[PDB]
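This is what each chain is made of:
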Amino acid sequence: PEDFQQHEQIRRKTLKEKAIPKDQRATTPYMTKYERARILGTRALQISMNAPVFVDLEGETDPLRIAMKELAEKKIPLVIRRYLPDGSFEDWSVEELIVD
Amino acid sequence: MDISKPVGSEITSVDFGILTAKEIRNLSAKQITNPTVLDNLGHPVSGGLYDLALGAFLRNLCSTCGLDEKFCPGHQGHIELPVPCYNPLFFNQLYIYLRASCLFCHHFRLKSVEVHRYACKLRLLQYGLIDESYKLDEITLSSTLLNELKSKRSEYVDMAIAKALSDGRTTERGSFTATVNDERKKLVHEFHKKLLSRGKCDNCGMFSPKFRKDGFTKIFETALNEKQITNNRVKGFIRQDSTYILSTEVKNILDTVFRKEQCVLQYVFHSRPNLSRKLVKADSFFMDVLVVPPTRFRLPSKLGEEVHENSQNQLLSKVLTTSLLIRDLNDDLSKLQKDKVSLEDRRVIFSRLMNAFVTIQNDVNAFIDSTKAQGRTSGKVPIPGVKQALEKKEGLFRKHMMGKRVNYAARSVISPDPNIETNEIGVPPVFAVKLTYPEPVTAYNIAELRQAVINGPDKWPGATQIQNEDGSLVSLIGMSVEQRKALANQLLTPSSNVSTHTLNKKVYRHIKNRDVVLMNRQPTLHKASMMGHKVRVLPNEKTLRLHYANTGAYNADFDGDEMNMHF
Amino acid sequence: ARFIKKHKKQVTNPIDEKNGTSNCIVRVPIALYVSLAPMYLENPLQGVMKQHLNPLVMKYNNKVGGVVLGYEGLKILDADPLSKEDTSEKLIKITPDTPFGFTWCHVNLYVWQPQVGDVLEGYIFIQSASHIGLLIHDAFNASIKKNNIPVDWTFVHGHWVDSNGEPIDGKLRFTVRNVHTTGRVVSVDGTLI
Amino acid sequence: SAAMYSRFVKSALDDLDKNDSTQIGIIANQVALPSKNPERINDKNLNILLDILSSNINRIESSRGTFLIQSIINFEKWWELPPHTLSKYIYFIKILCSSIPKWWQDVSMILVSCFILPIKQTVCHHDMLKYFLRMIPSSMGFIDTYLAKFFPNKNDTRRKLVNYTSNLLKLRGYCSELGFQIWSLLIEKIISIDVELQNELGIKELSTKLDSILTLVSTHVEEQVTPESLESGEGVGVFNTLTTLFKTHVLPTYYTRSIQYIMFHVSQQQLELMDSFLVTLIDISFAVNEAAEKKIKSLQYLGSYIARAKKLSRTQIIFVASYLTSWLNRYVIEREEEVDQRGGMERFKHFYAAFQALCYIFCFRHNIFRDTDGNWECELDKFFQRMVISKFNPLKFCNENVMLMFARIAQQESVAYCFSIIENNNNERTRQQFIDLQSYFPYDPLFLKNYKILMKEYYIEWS
Amino acid sequence: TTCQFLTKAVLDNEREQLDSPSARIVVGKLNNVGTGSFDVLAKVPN
Amino acid sequence: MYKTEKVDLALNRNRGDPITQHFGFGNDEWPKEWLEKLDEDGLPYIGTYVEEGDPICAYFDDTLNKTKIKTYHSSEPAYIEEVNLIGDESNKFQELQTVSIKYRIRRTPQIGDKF
Amino acid sequence: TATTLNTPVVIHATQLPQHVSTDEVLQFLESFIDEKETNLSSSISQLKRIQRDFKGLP
Amino acid sequence: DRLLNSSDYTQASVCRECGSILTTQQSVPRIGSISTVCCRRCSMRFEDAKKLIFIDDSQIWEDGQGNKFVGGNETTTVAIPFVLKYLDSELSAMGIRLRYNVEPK
Ligand SMILES: [Zn+2]
Ligand SMILES: [Zn+2]
Ligand SMILES: [Zn+2]
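**Student:** Would you take a moment to explain the overall build of chain G for this structure?
**Tutor:** Scanning chain G from terminus to terminus reveals two helices and two strands. Sequence-ordered secondary structure for chain G, helices as α and strands as β, is β-β-α-α. Relative to the globule expectation of 10 Å for 58 residues, the C-alpha radius of gyration of chain G, 15 Å, shows a markedly less compact shape. Over its C-alpha atoms, taken along the principal directions, chain G stretches across nearly 40 × 35 × 20 Å. Residue burial in chain G is summarised as follows: out of 58 residues, 47% are buried. Put simply, chain G shows about 3200 Å² of open surface, and 48% of that area lies on carbon and sulfur atoms.

**Student:** Before we go on, may I ask you to explain the overall build of chain E in this structure?
**Tutor:** A tally of regular secondary structure across chain E gives two helices and two strands. Scanning chain E from its N terminus toward the C terminus, one meets helices and strands in the order α-β-α-β. Counting across all 46 residues of chain E, residues that qualify as buried make up 39%.

**Student:** I would appreciate a short explanation of the coordination of the zinc ion (ligand 2) in the present structure.
**Tutor:** Geometry sets the ideal angles at a metal, namely 109.5 degrees for four tetrahedral donors and 90 or 180 degrees for six octahedral donors. Residues and elements named next belong to chain B. Every protein donor of the zinc ion (ligand 2) is accounted for by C102 (SG), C105 (SG), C201 (SG) and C204 (SG), and the metal-donor separations fall at 2.2 to 2.4 Å. What the four donor atoms of the zinc ion (ligand 2) show is an angle range of 102 to 115 degrees at the metal, which sorts the shape as tetrahedral. Given the relative accessible area of 1%, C102 is considered buried.

**Student:** Can you walk me through the arrangement of the chains in this structure?
**Tutor:** Most contacts, compared over the 19 pairs of chains touching, are made between chains B and H. Where chain E comes nearest to chain G, the C-alpha atoms are still 17 Å apart, and the two do not contact one another. Chain F makes no contact with chain H; the smallest distance between any of their C-alpha atoms is 25 Å.

**Student:** Would you mind going over the sheet that holds strand 10 (residues 437–440) of chain B with me for this structure?
**Tutor:** Two modes of strand pairing occur in sheets, parallel and antiparallel, and in both the strands are linked by backbone hydrogen bonds. Residues and elements named next belong to chain B. Taken together, the four strands give an open sheet; going across it, the order is 10-13-11-12, and neighbouring strands pair in antiparallel fashion. Edge positions in the sheet fall to strand 10 and strand 12 (473–475), since each has one partner strand and no second. Averaged over all pairs of adjacent strands, the angle between strand axes in this sheet comes to 25 degrees, irrespective of strand direction. Pairing of strand 11 (residues 463–467) with strand 12, which is carried by three bridges, proceeds in the antiparallel orientation. The residue of strand 12 that forms the bridge with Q467 is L473.

**Student:** So what exactly am I meant to see when it comes to the packing of aromatic side chains here?
**Tutor:** What describes a pair of aromatic rings is the distance from one ring centre to the other and the angle between the planes of the rings. Under the counting rule described, the total for this entry stands at 67 aromatic pairs over all chains. With a centroid separation of 6.0 Å and 70 degrees between ring planes, the pair formed by A:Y83 and A:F89 is classed as edge-to-face. Look at A:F89 and you get buried, because its relative accessible area is 4%. The interplanar angle of 75 degrees and the centroid separation of 5.8 Å between the aromatic rings of D:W78 and D:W79 together place this pair among those described as edge-to-face.

**Student:** What's the story with the pattern of salt bridges in this structure? I'm lost.
**Tutor:** Taken as a whole and judged by the stated rule, the model has 64 salt bridges over all chains. The salt bridge involving A:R81 is made with A:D91; its shortest N-O contact spans 2.9 Å. Pair noted here: A:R81 is in strand 1 (residues 78–83) and A:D91 is in strand 2 (residues 89–93), with a separation of ten residues, a long-range link. D:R330 is the salt-bridge partner of D:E334, the closest N and O atoms lying 4.0 Å from each other. Note on D:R330: relative accessible area 48%, which makes it partly exposed. Through salt bridges that share partners, B:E114, B:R117, B:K121, B:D137, B:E190 and B:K194 make up one connected network.

**Student:** Could you clarify how one ought to interpret the interface of chain H and chain B in this entry?
**Tutor:** Contact residues are listed per partner, giving 48 residues for chain H and 58 residues for chain B. Of the roughly 4700 Å² buried where chain H meets chain B, counting both sides, 54% is carbon and sulfur surface. Joining chain H to chain B, the criterion identifies three salt bridges. Here H:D8 ties to B:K404 by a salt bridge, and the two come within 3.9 Å at their closest N and O atoms. Taken together, chain H and chain B are joined by 24 residue pairs in polar contact. Elements with a contribution of two residues or more to the side of chain H that touches chain B: strand 2 (24–26), strand 7 (75–80), helix 2 (82–93) and strand 8 (96–103) of chain H. By residue number, the principal contributor to the side of chain H that touches chain B is helix 2 of chain H, which donates nine residues. Grouping the constituent residues of the side of chain H that touches chain B by class yields 19 nonpolar, 17 polar and twelve charged. Alignment of strand 1 (residues 10–18) of chain B against strand 8 of chain H, held across eight bridges, turns out to be antiparallel. Within the sheet, the bridge partner assigned to B:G17 lies in strand 8 of chain H and is H:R97.

**Student:** So what exactly am I meant to see when it comes to the packing of helix 1 (residues 2–17) of chain D against helix 3 (residues 43–55) of chain D here?
**Tutor:** Working note: a packed helix pair is described by the angle between its axes plus the distance between those axes. All names here are of chain D. Running from N to C, helix 1 and helix 3 point in directions that differ by 40 degrees, and their axes come no closer than 10 Å. As far as their axial angle goes, helix 3 and helix 1 are oblique. For the pair helix 1 and helix 3, the sense of crossing is right-handed. For the pair helix 1 and helix 3, contact is made by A2, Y5, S6, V9 and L13 and by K44, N45, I48, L49, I52 and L53, respectively.

**Student:** How should I be thinking about the coordination of the zinc ion (ligand 3) in this particular structure?
**Tutor:** All names here are of chain H. At 2.3 Å from the zinc ion (ligand 3) lie its protein donor atoms, namely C15 (SG), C18 (SG), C39 (SG) and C42 (SG). Because the angles between the four donor atoms bound to the zinc ion (ligand 3) fall within 105 to 116 degrees, the donor set is best described as tetrahedral. Each donor residue of the zinc ion (ligand 3) lies on one chain, and together they are spaced C-x2-C-x20-C-x2-C. Note that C15 is positioned in strand 1 (residues 10–15) and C42 in the loop between strand 3 (37–39) and strand 4 (44–45), a separation of 27 residues in sequence. Since its relative accessible area comes to 24%, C42 is described here as partly exposed.

Rules of the game
- Residues numbered from 1 in each chain as written, not as in the entry; some residues may be left out.
- Chains lettered and ligands numbered in written order.
- Part of a larger assembly, values for the part shown.
- Heavy atoms only, no water.
- Residues with missing side-chain atoms left out of burial classes, pairs and counts.
- Helix = DSSP H or I, 4+ residues; strand = E, 2+ residues; numbered from the N terminus.
- Rg over C-alpha atoms; globule rule 2.2 N^0.38 Å.
- Buried < 20%, exposed > 50% of the residue type's maximum accessible area, 1.4 Å probe, protein only.
- Areas by Shrake-Rupley, 256 points an atom, 1.4 Å probe, with all protein chains shown as cover.
- Donors = N, O, S within 2.8 Å, 3.2 Å for Na, K, Ca; no water.
- Tetrahedral: all angles 85-135°; square planar, octahedral: opposite > 155°, others 65-115°.
- Contact = heavy atoms within 4.5 Å.
- Pairing = 2+ DSSP bridges.
- Axes fitted to C-alpha atoms, helices over the stretch in contact; angles between N-to-C directions.
- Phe/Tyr/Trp six-rings, centres within 6.5 Å; stacked < 30°, edge-to-face > 60°.
- Salt bridge = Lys/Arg side-chain N within 4 Å of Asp/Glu carboxyl O.
- Buried area = accessible area lost by both parts, 1.4 Å probe.
- Polar contact = N/O pair within 3.5 Å; in protein donor to acceptor, adjacent residues only side chain to side chain.
- Nonpolar A, V, L, I, M, F, W, Y, C, P; charged D, E, K, R; others polar.
- Parallel < 35°, antiparallel > 145°, perpendicular 65-115°, else oblique.
- Left-handed = near helix turned anticlockwise from the far one by under 90°.

Below, the structure is given as structure tokens:
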């Protein structure tokens, strides 16, 4: 019980010794075709279960279409965590990535 | 798989290892001892292979958990082998170490210094230190010098691992890449070659009798040759301060060798550092008990109307009979005074015992490796053992894991249609009415789903059932229009239960033009032979309709070829 | 050489003054890994409270080894290790398969963790010839079985009477024999010898 | 016998300390028998067995003792026992749940289930629930789920349903807190009846069922919420809880009348009940968020309510409606150009919805909107015309029967004109759900026998 | 040959790190390449 | 299309054994909808339309003290064409045990048919 | 019963429990009760009864 | 979807402690108590545990036969293909043990 605490502190400490700083990011500033699809699907999933929606529905009933709309206006509150092959990662907000 | 039943725990790695007879006995739900499986009223025989502690069977409830044939996961039991048997899977490796042993000083017959040089190298390779393992060989400055050599090689390995850990070259979990794995495998091969290459023991100078085998896992010991018996008694003063050989003798020999040569074995048997700190034991190559798999995995078959016994049971009952029979040999053994018994009956009792052990050991061998069993009653054709079950045809892995039967997907002859879009697929109503996609009910779709439920199972676009917040399903099949209208009006009622409050109902609505399916024509040799098409339901059609612009991709001819639709 | 002995009570405990009872109320900091439902994405603390913490209140919890009375200072651990413990914008990793999040949290629990041997006081609410029934802190059930009451104590029709012939009432002081915890509610087995 | 049996058990218990367990089991089996079998342990011997067990309950708190105990908790129709014997059973249960408060869970479940029995046959069950809820407040948890578990289904016998509510009411009267789960059950069940009645619109059954249930609920409410009870009581709290629950269940779900009346009716008992509940509806109406369908449903409720109620102030009602209409002037100003801008007149469903409700309210309460002078409250003469000629052209987009009736009445009252605007309209001449939603009026007249009579004081029939 | 390699894995006391497509299909883990190349996190206020 | 199926309830019996199952109806209680497809002998009336699940045969089983029913298995509905009673030789005495039922299946030409 | 929706996947104490004075128990009960004002309602009601007893009352 | 979800995909119990998916079972509880999920490998027969401090009530469980156990309560559920269970079962017949490392610990 005392030592699980220790175990957690070690996990959390190392995890904070890998994540690369924002001002030190080095991957593509473009959203990848993969990132786009998953962002849409996942945000669509959250919409289907009553996530607060950041845009006017204007009659839309397809949650994927709602997501697409949100994406278009850059109102999707999701962040992509990109993993380099050593397990360290860069966090990129959906709004900051160039979409095409 | 249900998006409303999330899982928090996640498997992150798998470790391979060996079940000890202690573990098995502890976890076991029942020790099985009766060859007979059923009684005259078709109930499980107690202590038999369908014993209810191993799980629910037919209309009986599991005696271990109490659940029925549907919710009971099954439980394993064990058979007690009255005499140790070689585990057929690891019989070749056992053979290598046995042959390599010195039956006198109980080290490997390879000189200790060399064995230590291998232990050093393999240990370095656990940390991926390939350069260092070659540098280890660069170390040199008769038994006094050797221990200093051993010692300085040892302090090099420690210094190298320490240094490697301090900088960024390894963790305590090791480092394991292909180039490392290649160097490791070579060394172990080289090591084994050198083990078997020695005659006289480099360490005590004696000769051990040579060991020979079968393809059916029996071990013979060839007694000593003339020059060699002479050589052995000359070394007689310094030490002062053919035949079948039982699996129990073999185990005793290896037990001691594994104690003495533990250091090297600690790295030969671990590609990573052994954090667990478990000893490497000889028992790992042997087995005193057999795990009886759950019952649910040992049921009879029906070939149409006739019922056939389970083949794994046929094999296990042969273990059972031999077992009872040996327990009787063992009873008459000490059940007859030596005084009255004879060097004459002593020989015959042994003869009968050897016979029993050999044939039970054969029946066990034949299972996990039928290719090691003696062909039965010349005819019949062998019954598959576990090896053959996993390797039947393309094998379990390829036939039921890398590929599987699917569901919901449909198949039909395709027909051409110039009037659908090049990205659509014309779906016959016969499909459109049977396919399910779940819908969760929300403010934005309550109008739509109300109508679907009202429409019912048989009027498109309708619905076949409703999932409630407590996961339960309600069929719309037997229902009148009024009953459906009722259910449609309670689709969006609040929660009367805190535990399900985060969920909404789901309507299992019929196909819809809004939908996407996956179309497939075999052989699928590139990814364009499996594409996503938008659904277009077409009245009165009995086949799938596909625009010509897609023939190229699918390599489709419209000559009665078929496609699969996946939803 | 073998340690299953890592189920040994590492929360000792004493008595009191100006008094004589034990104090079993304790404050323990915990970490807990919990799910966050999509409906709470704008109210994550609210959601952690309604989903996980609230259901712990006034139930025994195997990990803190007592009854949880309540909680203070809930904090979500940002999955972004680069942010300040300050900010009110945090990251919660979403399941691959589902829309649910899972985050670590820190919170403080107040726990009633009584242990065999302790001295407690109860308010008598029932007296049969078979047991005396008490209520500790006017909340938790206690019970002294007929033969944990000293031998010279007598009964009538009813109500108990002590060593000196005078009836007992209200506050009674007893020692903990066993704590039953598996039933609907906690119940203490107490003794007077 | 008398003393022989005292021995038999006293032996049985000795034998139990030795684990033989046979004697006990013989006894248990004897008590477990059905109320019908003559061979079930008789009163006198049971008197004995009980008083002996109560005297040292600790002798039994063992795995060996479990079966005996289970057999006494499961004693058929114990409430049908005798006085003296009944008393020993009660004392035993009391004693039992004291030490190992583990059997109270089993005892209370059976108790609640007996709530389907008359107003009398449960006294003992409630007496016991009241007692142990107090001494074991932690129990409220699982015993609440019992309230769920044992509710009778709508299909199940009426006597079962009518009983299980009779008991819940009795329970309410000694465990005020538990309240919510109960109210959730009643609400959940009444919605079932309302919904089904609509869809269906055996049936003779649901009528008298749903009738027996509502008439009960409302009479209890006529009592329970009372001015005395509102100042110092839990009538006010009950009212608030009820209102919230009611709105939420009613607030949402689609197209059915048979329960929403409960609120129509309790409301009009006292002026404040009308007031505060009505203000809650106003809070609902004009929240920015709310489903384009929630705001429209409320507005239908709002309009139907004002029209039909009976315990109204003319004036508390009308002024708020006038303010909403001024709310109207703003809507059109911050939106017609939103009208001559890109989109359709559907963008304004919600506007018409509210304007309908207000027009409808004016039809039924017109004769009221003329003050002493003969002038119009809220300048209805000048106001209606302005909307009618606006760019929204309400007359074209609102209902097909209210707009007509408003025309008739408004024209009659020199309040506003319209037959030429109608002519122009049909000359110039997801859309369905809207037409559907605009056709439903949650406070159009009720059906059925008693409730109707009870509502009369609170209702204006068209006549 | 399944049992041979299994035999090799056991005698090495190997850990399957579950990184290959085959291994992940065996254990039911989402594939690496492609989708399995990034994480998703939720931005939460307050 | 025509399909002939052979129903032979001597399939189980161990060679010239006592006969358990006889074509016809027993006196226990059985559906009655059965007589829509089946004549008194337990054989189907010629001409009858028969779709998946319908009875094509009824016999009384002695070991069951019940009247049972062989059902029609194709997912394609058909009509009964010929019902042949295949009696046995070895000189009479033996009662009915073997029957051949010939089904007639309509084939209007369809989309996907080859010419 | 218990699912991933209403139950933590795992719980761990990060320190040894620290005993608290009566004055502290009272200050905590105070605020916890206030902040939380259907199942939770009937529960803080019961907690309110327990804090009453701690202070000696009815 | 197609090689897991739209096919099998059925939660299973693991012991976080020994990493098995074959040695768990539902406890059989006394009437009134609720069933829990326990590991037959990681728990002691009740007798043997007494024979080596006081033992908490939540730490004892029983099977259908009636034997009492101490410990083995470190279980969860993971999502695996069913055929994995079959493979693990066959492997244990051959004396081979798979050990799944589950997180969070
Ligand atoms: Zn089972
Ligand atoms: Zn030697
Ligand atoms: Zn385990």
